[PDB]
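Q: Dropping in target-v6.csv, which is CSV, C-alpha atoms:
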chain,number,residue,atom,x,y,z
A,1,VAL,CA,-73.7,-45.3,18.8
A,2,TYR,CA,-72.5,-48.7,17.5
A,3,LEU,CA,-72.8,-49.3,13.8
A,4,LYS,CA,-73.7,-52.7,12.4
A,5,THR,CA,-71.7,-54.1,9.5
A,6,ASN,CA,-74.6,-54.7,7.1
A,7,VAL,CA,-73.0,-57.3,4.9
A,8,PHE,CA,-70.8,-60.4,5.5
A,9,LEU,CA,-67.6,-60.9,3.5
A,10,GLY,CA,-66.8,-63.7,1.0
A,11,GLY,CA,-63.9,-66.1,0.6
A,12,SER,CA,-49.2,-62.9,5.9
A,13,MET,CA,-48.7,-62.5,9.7
A,14,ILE,CA,-46.3,-59.7,10.7
A,15,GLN,CA,-45.0,-59.1,14.2
A,16,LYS,CA,-44.4,-55.7,15.9
A,17,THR,CA,-42.1,-55.2,18.8
A,18,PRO,CA,-43.7,-53.3,21.7
A,19,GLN,CA,-42.2,-50.0,22.9
A,20,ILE,CA,-42.6,-49.4,26.6
A,21,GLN,CA,-42.6,-46.3,28.8
A,22,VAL,CA,-42.5,-46.6,32.6
A,23,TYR,CA,-43.3,-43.4,34.6
A,24,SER,CA,-45.2,-42.1,37.6
A,25,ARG,CA,-48.5,-40.2,37.3
A,26,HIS,CA,-47.4,-37.1,39.3
A,27,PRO,CA,-43.9,-35.9,40.0
A,28,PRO,CA,-42.2,-38.3,42.4
A,29,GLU,CA,-41.4,-37.4,46.0
A,30,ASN,CA,-39.9,-40.0,48.4
A,31,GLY,CA,-42.5,-41.3,50.8
A,32,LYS,CA,-45.5,-39.8,49.0
A,33,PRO,CA,-47.9,-42.2,47.3
A,34,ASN,CA,-48.2,-42.1,43.6
A,35,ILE,CA,-49.3,-44.2,40.6
A,36,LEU,CA,-46.6,-46.0,38.5
A,37,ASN,CA,-47.5,-46.4,34.8
A,38,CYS,CA,-46.3,-48.9,32.3
A,39,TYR,CA,-47.5,-48.0,28.9
A,40,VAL,CA,-47.1,-50.5,26.2
A,41,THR,CA,-47.8,-49.7,22.6
A,42,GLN,CA,-47.0,-50.3,18.9
A,43,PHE,CA,-47.3,-54.1,19.1
A,44,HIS,CA,-48.8,-56.9,17.2
A,45,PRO,CA,-50.2,-59.6,17.8
A,46,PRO,CA,-52.3,-58.4,20.8
A,47,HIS,CA,-51.5,-61.3,23.1
A,48,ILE,CA,-49.1,-59.9,25.7
A,49,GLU,CA,-48.1,-60.4,29.3
A,50,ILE,CA,-47.2,-57.4,31.5
A,51,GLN,CA,-45.7,-57.4,35.0
A,52,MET,CA,-44.6,-54.7,37.3
A,53,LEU,CA,-41.9,-55.4,39.8
A,54,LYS,CA,-40.8,-53.9,43.1
A,55,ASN,CA,-37.1,-54.7,44.0
A,56,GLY,CA,-37.1,-57.6,41.5
A,57,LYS,CA,-40.4,-59.2,42.7
A,58,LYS,CA,-43.8,-59.2,40.9
A,59,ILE,CA,-46.4,-56.7,42.3
A,60,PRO,CA,-49.7,-58.6,42.4
A,61,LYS,CA,-52.2,-55.8,42.1
A,62,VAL,CA,-52.0,-54.1,38.7
A,63,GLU,CA,-54.8,-52.5,36.7
A,64,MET,CA,-55.0,-53.0,33.0
A,65,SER,CA,-56.7,-50.7,30.6
A,66,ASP,CA,-59.1,-52.2,28.1
A,67,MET,CA,-57.0,-53.0,25.0
A,68,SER,CA,-57.2,-50.8,22.0
A,69,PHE,CA,-55.2,-49.8,19.0
A,70,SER,CA,-54.3,-46.7,17.0
A,71,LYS,CA,-55.1,-46.2,13.3
A,72,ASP,CA,-52.1,-48.0,12.0
A,73,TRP,CA,-53.9,-51.0,13.7
A,74,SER,CA,-51.1,-51.6,16.3
A,75,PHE,CA,-52.2,-52.3,19.9
A,76,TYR,CA,-51.7,-50.4,23.1
A,77,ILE,CA,-52.3,-51.1,26.8
A,78,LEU,CA,-51.8,-49.1,30.0
A,79,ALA,CA,-50.9,-50.9,33.2
A,80,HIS,CA,-50.6,-49.1,36.4
A,81,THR,CA,-50.2,-49.7,40.2
A,82,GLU,CA,-50.3,-47.8,43.5
A,83,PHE,CA,-46.8,-47.1,44.9
A,84,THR,CA,-44.8,-44.9,47.1
A,85,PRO,CA,-41.3,-44.1,45.8
A,86,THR,CA,-38.3,-44.3,48.1
A,87,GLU,CA,-34.7,-43.5,47.5
A,88,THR,CA,-33.7,-47.1,47.3
A,89,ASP,CA,-36.5,-49.3,46.0
A,90,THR,CA,-36.4,-50.2,42.3
A,91,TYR,CA,-39.3,-50.5,39.9
A,92,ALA,CA,-39.5,-52.1,36.5
A,93,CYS,CA,-42.1,-53.3,34.1
A,94,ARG,CA,-41.5,-56.7,32.4
A,95,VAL,CA,-43.1,-57.5,29.1
A,96,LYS,CA,-43.4,-60.9,27.4
A,97,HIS,CA,-44.5,-60.8,23.7
A,98,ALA,CA,-44.4,-63.3,20.8
A,99,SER,CA,-42.1,-60.9,18.8
A,100,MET,CA,-39.2,-61.2,21.3
A,101,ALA,CA,-37.0,-64.1,22.3
A,102,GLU,CA,-36.8,-63.2,26.0
A,103,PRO,CA,-39.1,-61.1,28.1
A,104,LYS,CA,-38.1,-57.5,28.2
A,105,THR,CA,-37.7,-55.5,31.4
A,106,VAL,CA,-37.7,-51.7,31.5
A,107,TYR,CA,-36.7,-50.0,34.8
A,108,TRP,CA,-38.4,-46.9,36.1
A,109,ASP,CA,-35.6,-44.4,35.4
A,110,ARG,CA,-36.3,-41.6,37.8
A,111,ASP,CA,-35.0,-39.0,35.3
A,112,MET,CA,-36.0,-40.7,32.0
A,113,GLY,CA,-32.5,-40.2,30.7
A,114,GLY,CA,-61.7,-27.5,17.7
A,115,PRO,CA,-62.5,-30.6,15.7
A,116,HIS,CA,-64.1,-33.7,17.2
A,117,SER,CA,-64.2,-37.5,16.7
A,118,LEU,CA,-66.4,-40.4,17.7
A,119,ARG,CA,-64.4,-43.6,17.2
A,120,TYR,CA,-64.8,-47.3,17.9
A,121,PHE,CA,-62.0,-49.8,17.9
A,122,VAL,CA,-63.0,-53.4,17.7
A,123,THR,CA,-61.0,-56.6,18.1
A,124,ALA,CA,-61.7,-60.3,17.8
A,125,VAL,CA,-59.1,-62.9,18.6
A,126,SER,CA,-59.6,-66.7,18.0
A,127,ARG,CA,-58.3,-69.0,20.7
A,128,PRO,CA,-58.6,-72.4,19.0
A,129,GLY,CA,-58.4,-74.9,21.8
A,130,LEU,CA,-59.3,-72.3,24.4
A,131,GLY,CA,-62.9,-71.8,23.3
A,132,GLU,CA,-64.8,-69.2,21.1
A,133,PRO,CA,-63.0,-66.0,20.0
A,134,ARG,CA,-62.5,-63.1,22.4
A,135,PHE,CA,-64.5,-60.0,21.3
A,136,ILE,CA,-63.7,-56.5,22.5
A,137,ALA,CA,-65.0,-53.1,21.6
A,138,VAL,CA,-64.1,-49.7,23.0
A,139,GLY,CA,-65.5,-46.3,22.1
A,140,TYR,CA,-63.9,-42.9,22.1
A,141,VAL,CA,-65.1,-39.4,22.1
A,142,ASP,CA,-61.9,-37.5,21.1
A,143,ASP,CA,-59.2,-38.7,23.5
A,144,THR,CA,-61.6,-40.1,26.1
A,145,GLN,CA,-62.8,-43.7,26.4
A,146,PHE,CA,-66.5,-43.8,27.2
A,147,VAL,CA,-67.9,-47.3,26.5
A,148,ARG,CA,-66.5,-50.9,26.4
A,149,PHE,CA,-67.7,-54.4,25.6
A,150,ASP,CA,-65.9,-57.6,26.5
A,151,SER,CA,-67.1,-61.1,25.5
A,152,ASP,CA,-65.0,-62.4,28.5
A,153,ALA,CA,-67.1,-60.9,31.3
A,154,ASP,CA,-70.0,-63.2,32.1
A,155,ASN,CA,-73.3,-62.0,30.6
A,156,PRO,CA,-71.3,-59.2,28.8
A,157,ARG,CA,-73.0,-56.0,27.8
A,158,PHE,CA,-72.0,-52.5,26.7
A,159,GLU,CA,-70.8,-50.4,29.7
A,160,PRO,CA,-70.0,-46.8,30.5
A,161,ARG,CA,-66.3,-46.2,31.1
A,162,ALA,CA,-66.8,-42.5,31.5
A,163,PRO,CA,-68.8,-41.6,34.6
A,164,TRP,CA,-70.8,-39.0,32.5
A,165,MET,CA,-72.3,-41.9,30.5
A,166,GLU,CA,-74.2,-43.0,33.5
A,167,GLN,CA,-76.9,-40.5,32.5
A,168,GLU,CA,-78.1,-42.6,29.6
A,169,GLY,CA,-81.0,-45.0,30.3
A,170,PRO,CA,-81.6,-48.8,29.7
A,171,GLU,CA,-82.9,-48.2,26.2
A,172,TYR,CA,-79.4,-47.1,25.2
A,173,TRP,CA,-77.6,-49.9,26.9
A,174,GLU,CA,-79.9,-52.6,25.6
A,175,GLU,CA,-79.7,-51.4,22.0
A,176,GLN,CA,-75.9,-51.0,22.1
A,177,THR,CA,-75.5,-54.4,23.8
A,178,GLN,CA,-77.6,-56.0,21.1
A,179,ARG,CA,-75.5,-54.4,18.3
A,180,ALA,CA,-72.3,-55.6,20.0
A,181,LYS,CA,-73.6,-59.1,20.4
A,182,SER,CA,-74.5,-59.1,16.8
A,183,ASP,CA,-71.1,-57.8,15.6
A,184,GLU,CA,-69.4,-60.6,17.6
A,185,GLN,CA,-71.2,-63.3,15.6
A,186,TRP,CA,-70.1,-61.5,12.4
A,187,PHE,CA,-66.5,-61.6,13.6
A,188,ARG,CA,-66.9,-65.3,14.4
A,189,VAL,CA,-68.0,-66.0,10.9
A,190,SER,CA,-65.3,-63.6,9.5
A,191,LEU,CA,-62.5,-65.3,11.5
A,192,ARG,CA,-63.7,-68.7,10.2
A,193,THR,CA,-63.8,-67.5,6.6
A,194,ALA,CA,-60.4,-65.9,6.6
A,195,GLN,CA,-58.9,-69.0,8.1
A,196,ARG,CA,-60.4,-71.4,5.7
A,197,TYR,CA,-59.4,-69.1,2.9
A,198,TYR,CA,-55.6,-69.0,3.4
A,199,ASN,CA,-55.4,-72.7,4.1
A,200,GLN,CA,-54.3,-71.7,7.6
A,201,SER,CA,-54.0,-74.3,10.4
A,202,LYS,CA,-56.8,-74.6,12.9
A,203,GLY,CA,-54.2,-74.1,15.6
A,204,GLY,CA,-52.9,-70.6,15.1
A,205,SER,CA,-54.7,-67.8,16.8
A,206,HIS,CA,-55.7,-65.0,14.4
A,207,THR,CA,-56.7,-61.4,14.7
A,208,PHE,CA,-59.5,-59.4,13.2
A,209,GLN,CA,-59.8,-55.6,13.7
A,210,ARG,CA,-62.5,-53.1,12.8
A,211,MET,CA,-62.4,-49.3,13.1
A,212,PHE,CA,-65.4,-47.0,12.4
A,213,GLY,CA,-66.7,-43.6,13.3
A,214,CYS,CA,-66.6,-39.8,12.8
A,215,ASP,CA,-64.3,-37.0,12.2
A,216,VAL,CA,-66.0,-33.5,12.3
A,217,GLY,CA,-64.6,-30.0,12.0
A,218,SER,CA,-65.2,-26.7,13.7
A,219,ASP,CA,-68.1,-26.2,11.3
A,220,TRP,CA,-69.4,-29.6,12.3
A,221,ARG,CA,-69.0,-31.1,8.8
A,222,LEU,CA,-67.9,-34.7,8.3
A,223,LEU,CA,-64.1,-34.5,7.6
A,224,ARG,CA,-63.7,-38.2,7.4
A,225,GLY,CA,-66.0,-41.2,8.1
A,226,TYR,CA,-64.5,-44.6,8.7
A,227,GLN,CA,-65.4,-48.2,8.3
A,228,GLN,CA,-62.3,-50.4,7.7
A,229,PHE,CA,-60.8,-53.7,8.7
A,230,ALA,CA,-57.5,-55.4,9.3
A,231,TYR,CA,-56.7,-59.1,9.3
A,232,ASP,CA,-53.7,-60.3,11.3
A,233,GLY,CA,-52.6,-56.7,11.8
A,234,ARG,CA,-52.7,-55.9,8.1
A,235,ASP,CA,-55.1,-53.7,6.2
A,236,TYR,CA,-57.9,-55.7,4.6
A,237,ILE,CA,-60.8,-53.5,3.4
A,238,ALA,CA,-61.6,-49.8,3.9
A,239,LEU,CA,-64.6,-47.6,3.0
A,240,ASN,CA,-63.2,-44.8,0.9
A,241,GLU,CA,-63.5,-41.1,1.7
A,242,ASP,CA,-66.2,-40.9,-1.0
A,243,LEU,CA,-68.4,-43.0,1.4
A,244,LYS,CA,-69.3,-44.9,-1.7
A,245,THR,CA,-66.4,-47.3,-2.6
A,246,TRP,CA,-63.8,-49.6,-1.1
A,247,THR,CA,-60.1,-50.0,-1.1
A,248,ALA,CA,-59.2,-53.7,-0.7
A,249,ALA,CA,-55.6,-54.6,0.1
A,250,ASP,CA,-54.9,-58.2,-1.1
A,251,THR,CA,-56.7,-60.6,-3.5
A,252,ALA,CA,-58.6,-62.5,-0.8
A,253,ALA,CA,-60.6,-59.3,-0.1
A,254,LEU,CA,-61.1,-58.1,-3.7
A,255,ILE,CA,-64.1,-60.5,-3.9
A,256,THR,CA,-65.5,-59.1,-0.6
A,257,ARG,CA,-65.4,-55.7,-2.3
A,258,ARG,CA,-67.3,-56.9,-5.4
A,259,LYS,CA,-69.9,-58.4,-3.1
A,260,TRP,CA,-70.1,-55.2,-1.1
A,261,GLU,CA,-70.5,-52.4,-3.7
A,262,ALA,CA,-73.4,-46.8,0.5
A,263,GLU,CA,-76.5,-44.9,1.7
A,264,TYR,CA,-76.4,-47.4,4.5
A,265,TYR,CA,-73.0,-46.3,5.7
A,266,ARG,CA,-73.5,-42.7,4.6
A,267,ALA,CA,-76.6,-42.6,6.6
A,268,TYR,CA,-74.7,-43.6,9.7
A,269,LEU,CA,-71.6,-41.5,9.1
A,270,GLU,CA,-73.3,-38.3,8.1
A,271,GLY,CA,-76.4,-39.0,10.1
A,272,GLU,CA,-76.5,-40.9,13.4
A,273,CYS,CA,-72.8,-40.8,14.2
A,274,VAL,CA,-72.5,-37.0,14.0
A,275,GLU,CA,-75.8,-36.7,15.9
A,276,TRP,CA,-74.6,-38.9,18.8
A,277,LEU,CA,-71.2,-37.3,18.9
A,278,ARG,CA,-73.0,-34.0,19.5
A,279,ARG,CA,-75.0,-35.7,22.2
A,280,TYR,CA,-72.0,-37.3,23.9
A,281,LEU,CA,-70.3,-33.8,24.0
A,282,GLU,CA,-73.2,-32.3,26.0
A,283,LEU,CA,-73.5,-35.2,28.4
A,284,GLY,CA,-69.8,-34.9,29.1
A,285,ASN,CA,-69.3,-31.2,28.5
A,286,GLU,CA,-67.9,-30.3,31.9
A,287,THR,CA,-64.9,-32.6,31.0
A,288,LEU,CA,-64.8,-33.3,27.2
A,289,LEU,CA,-64.9,-29.6,26.5
A,290,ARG,CA,-62.4,-28.7,29.2
A,291,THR,CA,-58.9,-27.7,28.1
A,292,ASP,CA,-56.0,-28.4,30.5
A,293,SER,CA,-53.0,-26.5,29.3
A,294,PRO,CA,-49.6,-28.3,29.8
A,295,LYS,CA,-47.2,-27.8,32.7
A,296,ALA,CA,-44.0,-27.5,30.8
A,297,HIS,CA,-40.5,-27.2,32.2
A,298,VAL,CA,-36.9,-28.0,31.3
A,299,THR,CA,-34.6,-30.5,33.0
A,300,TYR,CA,-30.9,-31.1,32.6
A,301,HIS,CA,-29.0,-34.4,32.4
A,302,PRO,CA,-25.2,-34.0,32.1
A,303,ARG,CA,-23.4,-37.1,31.0
A,304,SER,CA,-20.0,-36.3,29.3
A,305,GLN,CA,-17.5,-33.5,29.7
A,306,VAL,CA,-18.7,-32.0,26.3
A,307,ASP,CA,-22.4,-32.6,26.0
A,308,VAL,CA,-25.6,-32.9,28.0
A,309,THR,CA,-29.3,-33.8,27.5
A,310,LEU,CA,-31.9,-31.1,27.8
A,311,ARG,CA,-35.4,-32.3,28.1
A,312,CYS,CA,-38.6,-30.3,27.5
A,313,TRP,CA,-41.4,-31.8,29.5
A,314,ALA,CA,-45.2,-31.2,29.1
A,315,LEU,CA,-47.4,-32.5,31.9
A,316,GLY,CA,-51.1,-32.8,32.7
A,317,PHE,CA,-52.6,-31.7,29.4
A,318,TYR,CA,-55.9,-32.3,27.6
A,319,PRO,CA,-56.7,-32.8,24.7
A,320,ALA,CA,-53.8,-35.0,23.7
A,321,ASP,CA,-52.7,-33.2,20.5
A,322,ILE,CA,-49.5,-31.2,21.1
A,323,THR,CA,-46.2,-29.9,19.6
A,324,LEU,CA,-43.0,-29.7,21.5
A,325,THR,CA,-40.0,-28.1,19.7
A,326,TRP,CA,-36.4,-27.4,20.5
A,327,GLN,CA,-34.7,-24.4,19.0
A,328,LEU,CA,-31.3,-22.8,18.6
A,329,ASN,CA,-31.5,-19.2,17.4
A,330,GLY,CA,-34.9,-19.3,15.8
A,331,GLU,CA,-33.6,-22.3,13.8
A,332,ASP,CA,-35.4,-25.6,14.2
A,333,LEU,CA,-34.0,-28.7,15.7
A,334,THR,CA,-36.7,-31.3,15.1
A,335,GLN,CA,-34.1,-33.3,13.2
A,336,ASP,CA,-31.8,-34.4,16.1
A,337,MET,CA,-34.7,-34.5,18.5
A,338,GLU,CA,-35.6,-37.5,20.6
A,339,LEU,CA,-39.3,-37.3,21.4
A,340,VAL,CA,-41.3,-40.0,23.2
A,341,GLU,CA,-44.8,-40.7,22.0
A,342,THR,CA,-47.5,-39.0,24.0
A,343,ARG,CA,-48.7,-41.0,27.1
A,344,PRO,CA,-51.7,-41.1,29.4
A,345,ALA,CA,-51.1,-40.1,33.1
A,346,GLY,CA,-54.1,-42.1,33.9
A,347,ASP,CA,-56.2,-39.3,35.4
A,348,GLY,CA,-57.5,-38.2,32.0
A,349,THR,CA,-54.6,-35.9,31.2
A,350,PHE,CA,-51.4,-36.6,29.1
A,351,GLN,CA,-47.6,-36.4,29.2
A,352,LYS,CA,-44.8,-36.0,26.6
A,353,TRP,CA,-41.2,-34.8,26.4
A,354,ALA,CA,-38.6,-33.9,23.9
A,355,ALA,CA,-34.9,-34.1,24.2
A,356,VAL,CA,-31.7,-32.8,22.5
A,357,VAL,CA,-28.0,-33.4,23.2
A,358,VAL,CA,-26.1,-30.1,23.5
A,359,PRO,CA,-22.5,-28.8,24.2
A,360,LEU,CA,-21.8,-28.4,27.9
A,361,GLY,CA,-21.8,-24.8,29.0
A,362,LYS,CA,-24.2,-23.9,26.1
A,363,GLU,CA,-27.5,-25.1,27.6
A,364,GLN,CA,-28.7,-21.4,27.7
A,365,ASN,CA,-28.9,-20.9,23.9
A,366,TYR,CA,-31.5,-23.6,23.3
A,367,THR,CA,-35.2,-22.9,23.6
A,368,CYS,CA,-38.2,-25.1,23.9
A,369,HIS,CA,-41.6,-24.2,22.5
A,370,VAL,CA,-44.8,-25.9,23.6
A,371,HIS,CA,-47.8,-25.5,21.2
A,372,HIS,CA,-51.0,-26.8,22.7
A,373,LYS,CA,-54.7,-25.9,22.1
A,374,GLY,CA,-55.1,-24.9,25.8
A,375,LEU,CA,-52.4,-22.3,25.2
A,376,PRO,CA,-53.1,-18.6,24.6
A,377,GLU,CA,-50.0,-18.7,22.4
A,378,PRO,CA,-46.9,-21.0,22.1
A,379,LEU,CA,-45.0,-21.4,25.4
A,380,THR,CA,-41.4,-20.4,25.8
A,381,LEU,CA,-38.9,-22.0,28.2
A,382,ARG,CA,-35.3,-23.0,28.7
A,383,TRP,CA,-32.6,-23.6,31.4
A,384,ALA,CA,-30.8,-21.3,33.8
Turn the structure described in the file into C-alpha cells.

A:
Amino acid sequence: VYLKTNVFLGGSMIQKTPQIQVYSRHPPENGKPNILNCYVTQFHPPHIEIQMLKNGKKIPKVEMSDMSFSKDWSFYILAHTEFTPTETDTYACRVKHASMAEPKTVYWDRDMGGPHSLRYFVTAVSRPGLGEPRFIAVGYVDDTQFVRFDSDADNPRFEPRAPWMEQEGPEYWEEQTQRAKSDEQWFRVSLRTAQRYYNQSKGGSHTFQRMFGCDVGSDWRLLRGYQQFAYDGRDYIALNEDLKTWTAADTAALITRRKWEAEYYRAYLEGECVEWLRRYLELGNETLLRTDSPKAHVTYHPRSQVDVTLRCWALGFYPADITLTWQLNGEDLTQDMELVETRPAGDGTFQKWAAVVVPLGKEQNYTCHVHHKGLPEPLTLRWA
C-alpha cells in the first residue's frame, strides 16, 4: 500500500547517458515470430524518445513499459515490438536523449558480439509551458511490477499491472487512488519550492523522485525501510536506517530536515508495509513464489587468429538476482569480464550474459559458473 508523505518540505543538474541493449525475447529462428526488445537504462533526465526500425524505417507499433528507476535514481524503460526475423532484414533501436548530440542507433546484433521487498518508485516532471507536472508511480513486489499510476491518463487511478492484483476490491483501488492523488499535489508544491529556491528559470523542466518501501529477510524482519527523495537526479533527503533521522544532501534540504525531525514512518515501514507485502505474496503466490532456474549455455565468437570471445548466457530466469562467472583453472576471471546488466525478456523472466576474450585453440580450459537461487547448486558449463 501507498504511503503518504506526512509533511511538506521548506525552502545542480547532471546528465546521464543511456545504455541500450537490443535483443529478442526467445532465441531467434528465421521465419518464426518473436518479440524484439530495446532496453534503455542508466539515464537522466527522464525525457527520452525511442524508436525501433526495420530496414532503416520506423516501426509504428511499439509498447513502452511504464517508466521507473533503480536505487541510484537513474531511469529505465523497456520498449518492445512483434517481429519475425529473417536472414536479411535489419533491426535497430534509435534513442534520442538530452545528454547526446545526435540520436544514437543500436543495431540488433544477432550474436551480441529468500528475502522480499515491496517498493514504490515515484516521479514528477514539470512541463512548464506544456501544463501541470506529469506524475507517475509504480509499485514492485520483488522483481515484479504490480500497480501503476499516471497523471497523464484521463481520470487517472491506481491500476493493477499484475493480473493477480485483479482479486483486490474497489475499497483498495479507491484508497490507493486517493493517496496517489494526494502525493501528486505534494509533488506539485515540492517542484514549485525547489524551483523558487535555486533561483531557477520558469522554463527548465525539473525532476523530483521519491522511493519508499520494505526490505524483509527470511525471518520476515525489516532489513531496510525506505523513504527518500532525489531532485534533478541527485540525492536530496533520506530517512535513515534508524527510521528516526534524516540524511540531507545539500544545504537547501538541511532546513527541510530541521522541519521534519518517526513513529509515523516506523508505523508504516514496520507495520502496514510488511503486512501488505505478506498479502501481495499470497495473492500472487503461484507466480511471485515461483523460481525459474536459468537456461545457461556457452557460445563462441572467433574474431582474430589469436583470440576469441566466449560468452556465458543465462536465459529465462526468475527472480532477477544472479551471478555468472568465468574461470580458468579454479582461478577467477571477473576482472577481464564483460558482463551486461541483467535485462527483462518481457515475459516475466530475465536474461544476462558474461564474456571473456581467450587464446584461439584454448576455449576448452575456461569454465562458466551460474549461481542462481533456482539452482540446486552452481551450474557448470563450457565449450566443446

Q: Quote the spacing between CA of residue 240 (chain A) and CA of residue 213 (chain A) in Å to one decimal place.

A: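 CA of residue 240 (chain A) sits 12.9 Å away from CA of residue 213 (chain A).
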
Q: Could you pull the residues within 12 Å of residue 149 (chain A), counting only C-alpha atoms, minus those fewer than 4 positions along the same chain, as a compact mmCIF listing (two decimals) with C-alpha atoms, in the coordinates of the input?

A:
# COMPACT_ATOMS: atom_id res chain seq x y z
CA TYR A 2 -72.50 -48.70 17.50
CA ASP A 66 -59.10 -52.20 28.10
CA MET A 67 -57.00 -53.00 25.00
CA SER A 68 -57.20 -50.80 22.00
CA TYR A 120 -64.80 -47.30 17.90
CA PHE A 121 -62.00 -49.80 17.90
CA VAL A 122 -63.00 -53.40 17.70
CA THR A 123 -61.00 -56.60 18.10
CA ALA A 124 -61.70 -60.30 17.80
CA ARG A 134 -62.50 -63.10 22.40
CA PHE A 135 -64.50 -60.00 21.30
CA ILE A 136 -63.70 -56.50 22.50
CA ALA A 137 -65.00 -53.10 21.60
CA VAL A 138 -64.10 -49.70 23.00
CA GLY A 139 -65.50 -46.30 22.10
CA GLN A 145 -62.80 -43.70 26.40
CA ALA A 153 -67.10 -60.90 31.30
CA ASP A 154 -70.00 -63.20 32.10
CA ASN A 155 -73.30 -62.00 30.60
CA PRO A 156 -71.30 -59.20 28.80
CA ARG A 157 -73.00 -56.00 27.80
CA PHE A 158 -72.00 -52.50 26.70
CA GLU A 159 -70.80 -50.40 29.70
CA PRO A 160 -70.00 -46.80 30.50
CA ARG A 161 -66.30 -46.20 31.10
CA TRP A 173 -77.60 -49.90 26.90
CA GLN A 176 -75.90 -51.00 22.10
CA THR A 177 -75.50 -54.40 23.80
CA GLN A 178 -77.60 -56.00 21.10
CA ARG A 179 -75.50 -54.40 18.30
CA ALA A 180 -72.30 -55.60 20.00
CA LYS A 181 -73.60 -59.10 20.40
CA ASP A 183 -71.10 -57.80 15.60
CA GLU A 184 -69.40 -60.60 17.60

Q: Taking all atoms listed in the file into account, name the residue in A:102, A:29, A:307, A:215 that is nearest to residue 17 (chain A).

A: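 Closest residue, counting all atoms listed in the file: A:102.
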
Q: Separation of CA of residue 53 (chain A) and CA of residue 19 (chain A), in Å?

A: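 So the answer is 17.7 Å.
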
Q: Enter the distance from CA of residue 283 (chain A) to CA of residue 228 (chain A), in Å, rounded to one decimal.

A: 28.0 Å

Q: Could you list, as a PyMOL selection string, every residue within 10 Å of residue 115 (chain A), counting only C-alpha atoms and ignoring same-chain residues fewer than 5 positions away?

A: chain A and resi 142+215-221+223

Q: Just want the 10 Å neighbourhood of residue 258 (chain A), counted on only C-alpha atoms, with same-chain residues fewer than 6 positions away dropped. Output as a CSV table (one decimal) with C-alpha atoms, keeping the file's coordinate frame.

A:
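Result file follows (selection11.csv):
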chain,number,residue,atom,x,y,z
A,9,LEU,CA,-67.6,-60.9,3.5
A,10,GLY,CA,-66.8,-63.7,1.0
A,246,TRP,CA,-63.8,-49.6,-1.1
A,248,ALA,CA,-59.2,-53.7,-0.7

Q: From the options A:116, A:234, A:127, A:26, which residue's atoms come nearest to residue 83 (chain A), counting all atoms listed in the file?

A: A:26

Q: Select, counting only C-alpha atoms, all protein, DNA and RNA residues no farther than 10 Å from (-56.7, -40.6, 32.5) in file coordinates, and express the selection as a PyMOL selection string.

A: chain A and resi 25+143-145+316+318+343-350
